[PDB]
> 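Shown below is the structure under consideration.
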Amino acid sequence: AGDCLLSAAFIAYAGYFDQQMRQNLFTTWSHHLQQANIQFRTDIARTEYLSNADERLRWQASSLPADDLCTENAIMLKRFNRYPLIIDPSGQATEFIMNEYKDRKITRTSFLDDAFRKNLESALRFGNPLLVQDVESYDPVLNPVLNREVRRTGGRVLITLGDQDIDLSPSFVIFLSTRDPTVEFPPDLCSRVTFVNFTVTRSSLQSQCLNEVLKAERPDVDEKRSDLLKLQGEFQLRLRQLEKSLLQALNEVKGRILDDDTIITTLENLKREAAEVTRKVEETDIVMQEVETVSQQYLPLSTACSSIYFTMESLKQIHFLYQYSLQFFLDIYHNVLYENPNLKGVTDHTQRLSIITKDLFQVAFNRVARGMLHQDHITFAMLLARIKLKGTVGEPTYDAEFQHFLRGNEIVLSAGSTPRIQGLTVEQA
Amino acid sequence: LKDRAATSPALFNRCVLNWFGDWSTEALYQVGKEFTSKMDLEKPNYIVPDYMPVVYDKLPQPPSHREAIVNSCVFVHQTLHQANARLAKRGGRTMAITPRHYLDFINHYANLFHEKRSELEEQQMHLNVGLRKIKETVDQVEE
Amino acid sequence: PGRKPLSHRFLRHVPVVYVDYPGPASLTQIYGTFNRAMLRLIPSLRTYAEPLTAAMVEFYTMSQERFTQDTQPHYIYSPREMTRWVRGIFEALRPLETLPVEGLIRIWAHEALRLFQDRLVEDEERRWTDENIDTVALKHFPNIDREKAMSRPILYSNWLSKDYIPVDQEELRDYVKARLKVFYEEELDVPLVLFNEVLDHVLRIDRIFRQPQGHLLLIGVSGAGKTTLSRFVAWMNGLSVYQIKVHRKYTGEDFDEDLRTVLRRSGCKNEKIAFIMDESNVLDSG
Ligand SMILES: Nc1ncnc2c1ncn2[C@@H]1O[C@H](COP(=O)(O)OP(=O)(O)O)[C@@H](O)[C@H]1O
């Protein structure tokens, strides 16, 4: 009861918020439910409760990033009542949904197209998906479609799309998308669509980078995290598959006793896999106790990565030419991970993390500054130094000192400004 | 409305404006209670140690966990309203949340609850069928 | 806003007269005559015409002093509100006789809430209006029974009886469910739960539809039910709802033709039209 409550509250309400806000919403709802003793199971995974193995696998096959935000967006996209409105500055979501609907012949159309109505009426009759981009100029003829106000009272299900009436095919699904990362929408359109937001955020970078470094460094914790996820149902799914295989074998052999090994092998395999699942469940206390330690060990690297990328993104303000995309930072990160010349020999993890962090800082500075004027190298270099200083823990953040260094000399006062020693001037005083 | 009046002065001359407020906690509680009725949320074993109402007025007595479910749904709506307010206060680009969001949330809850009860019931009956088959195999072995 | 200052070249040829809001004494003299003329259907309450006008003017001025246009752009309080107040009270006394003072001040309070509170935005404003309508009622009528207000849901409807008798919450709710059964049978099988605000809004839209010049400005969040309630109460009063099907290529002459069609239906064939529009329906200032 409470578990589906949380899942549906996440699906219908969240979707426009970023990963941090989605998680804050979910943890607040979970705290409220547990405080009222609405029994919901802890250590929940939204992704695998709202999807199974084959759906996720086909999603990854059809060009879906491995990030959890993309998986939750795909979950919101498979099951929805209000037709989704996609927010993605880049195009992975649009190509994802084009791939997910090749077999149903999804038509690509835009509101700016003069043939939008012609492409929409034919799509709605034929019953094939239609994906419409550039929702900035949303066309008000879709209001009956988004409202689902089709009149079923008549013999055939006719929708009053415009002046004339068109029969609504049951397989018609419309998709809306935009190319702009963030823009205001009219509330009337807002109430008729499920905002699914692929826009990337500091928390999204932190999660992506943490996942990537955990896959690269210490693959064992990543594989046992995957196993922890598989503990929610899909291992039980394979359990049920072996159960039905045993049931088929039982009446395939008709209870043969002369050759019993045919069923003894299956029974032994079932016993072994049951023991394995029991061991995994009983280790759920030991795991997520060292997994959390490992994840927190790799957290400074991820927060440094997010800070570095968003400093690069904000470098637009310094100069118009300083234009860097997310793919450029992803290339920098993949370079510091999978082809470092400094990581060939060192195998200890605590030293490997230091090398990765240091070289990530260095490669970011090199790649960014190579396309910067020789008056901003110090600016980027010392912004990176500030990021590293917040990264390290041996010394304080020195927030007050930086704030003074930046803007505290603008404090207005005229008391005691007279120089006292002969070796001093008024501005120095 | 400021420039809607300027474009057409007759909007405040011949039209008696009726302001619709956002659905109050009572309205949300009533919608949730009525729509989550086909759902079977009746749990005989349920204990309430604390006091966390949102509706505050009707049926504050120890609930049957159905009042608790609807109370939690209304709290979800209120919490998203607080989330929007905090996001606007500490930044910008917030989005209006309508009663249609509440209706969509209740529909999602109903459908997901139905699916996740039906799948468990069907796997349980499959398990019982397998148990009966194993008993039949035991009978064959005894023979 | 929207008032462009006139050019001095034209302004010198036209003298201008400043017509301000009538003062409390002028308002009292204006509407005391109206109250005395209205109360001729009930000789039993002639002595209460003076305090009725006193309370009307005092409440109107009190709501004029605060809750001005600074907070919201639609907080316009004019003697037109007083005129509508008098017209509503008079229409609520046309078929009705032998009314006690409690019933008269009940009608007064109902009209004051309909013309003074349903416009307010915040709940604090609404409860301020309720508290001060109660306090002015008790100040200008210190010798009345709690029949004046009883439960705060002051409702008037002409559905249960021929006249415009006040109705109870539960009976009206049951009647609205009964009519919603047939409404669903006709169309919109979607369920509509009837909470207090829904009944209040339905009654307000009905009383607007009663008058010949009834025009509405239903302002509220999307999905609050403004359109559904509008069509429901339009059917419940036998008005044919007409909507504009708006798209991008929907031009000005299309709107002109739609206006021509709706006016032909309204005038010719004597068909009552509940023609409704939304903000998404408007794309041109024309
Ligand atoms: N009192 C109510 N109970 C249940 N549902 C309602 C209620 N009022 C409105 N709705 C729902 O709102 C939807 C349409 O809302 P609408 O009338 O378009 O609001 P608005 O006109 O303010 O956008 C309908 O599908 C209906 O189910």
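Sequence lines set the chain letters: A, B, ... in the order given, protein chains first and strands last, and positions in each chain run from 1.
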> Should A:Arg240 and B:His126 be marked as a side-chain contact (heavy atoms from CB on, under 4.5 Å) after you check the CA-CA gap, both sets of side-chain angles, and the distance that decides it?
CA-CA 9 Å; A:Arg240 304 313 161 200; B:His126 198 164; over 6 Å; no
> Hey, which residues of residues 103-122 of chain B are touching chain A, say heavy atoms under 4.5 Å apart?
B:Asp104, B:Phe105, B:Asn107, B:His108, B:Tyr109, B:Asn111, B:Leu112, B:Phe113, B:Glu115, B:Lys116
> Heavy-atom cut-off 4.5 Å, strictly under: side chain, backbone, both or neither for A:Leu50 against chain B?
side chain
> Hey, is CZ on B:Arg90 packed in by over 12 heavy atoms from elsewhere, all under 6.0 Å?
no
> Minimum heavy-atom separation for B:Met52 and A:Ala36, please, with both atom names.
SD-CB, 3.4 Å
> So which part of A:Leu5 gets closer than 4.5 Å to some heavy atom of chain B, the side chain, the backbone, both or neither?
both
> So which of A:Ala1, A:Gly2, A:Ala14 has the largest heavy-atom pair count under 4.5 angstrom toward chain B?
A:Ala1
> Count the heavy-atom pairs under 4.5 Å between each of B:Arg93, B:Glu136, B:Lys133, B:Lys43 and chain A, then report the option with the highest count.
B:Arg93
> So for A:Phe10, is it side chain, backbone, both, or neither that comes closer than 4.5 Å to the heavy atoms of chain B?
neither
> To the nearest 0.5 angstrom, please state how far the CG atom of A:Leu246 sits from the CD1 atom of B:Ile134.
6.5 Å
> Between chain B and each of A:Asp3, A:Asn24, A:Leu6, A:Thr182, count heavy-atom pairs under 4.5 Å; write down the option with the most.
A:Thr182
> Using non-hydrogen atoms only, which part of A:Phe17 is less than 4.5 Å away from chain B: side chain, backbone, both, or neither?
side chain
> Which atoms of B:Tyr46 come close to chain A, meaning under 4.5 Å heavy atom to heavy atom: side chain ones, backbone ones, both, or neither?
side chain
> Spell out the residues in residues 64-88 of chain B that have some non-hydrogen atom less than 4.5 Å away from a non-hydrogen atom of chain A, in order of number; otherwise answer 'none'.
B:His65, B:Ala68, B:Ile69, B:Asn71, B:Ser72, B:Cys73, B:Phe75, B:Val76, B:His77, B:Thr79, B:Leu80, B:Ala83, B:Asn84, B:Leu87
> Checking A:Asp188 against chain B: side chain, backbone, both or neither under 4.5 Å from a heavy atom?
backbone
> Checking side-chain contact (heavy atoms from CB on, under 4.5 Å) for the pair A:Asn81/B:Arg100: CA distance, chi angles, key distance, verdict?
CA-CA 11 Å; A:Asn81 289 122; B:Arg100 274 220 279 261; over 6 Å; no
> Can you tell me if B:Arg14 has over 12 outside heavy atoms packed within less than 6.0 Å of its CZ?
no
> Are any of the side-chain heavy atoms of A:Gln236 and B:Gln123 separated by less than 4.5 Å?
no
> With a 4.5 angstrom heavy-atom cut-off, which part of A:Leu33 approaches chain B: side chain, backbone, both or neither?
side chain
> So which of A:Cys190, A:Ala9, A:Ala8 has the biggest tally of heavy-atom pairs under 4.5 Å with chain B?
A:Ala8
> With chain B as the partner, which of A:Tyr16, A:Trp29, A:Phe185 has the greatest number of non-hydrogen pairs under 4.5 Å?
A:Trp29
> For the atom pair CG (A:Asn37) and CG (B:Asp50), what is the distance rounded to the nearest 0.5 Å?
9.0 Å
> Is the shortest heavy-atom distance from the side chain of A:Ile257 to the side chain of B:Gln140 under 4.5 Å?
no
> Going from CD on A:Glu184 to OG1 on B:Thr94, what distance comes out if it is rounded to the nearest 0.5 angstrom?
9.0 Å
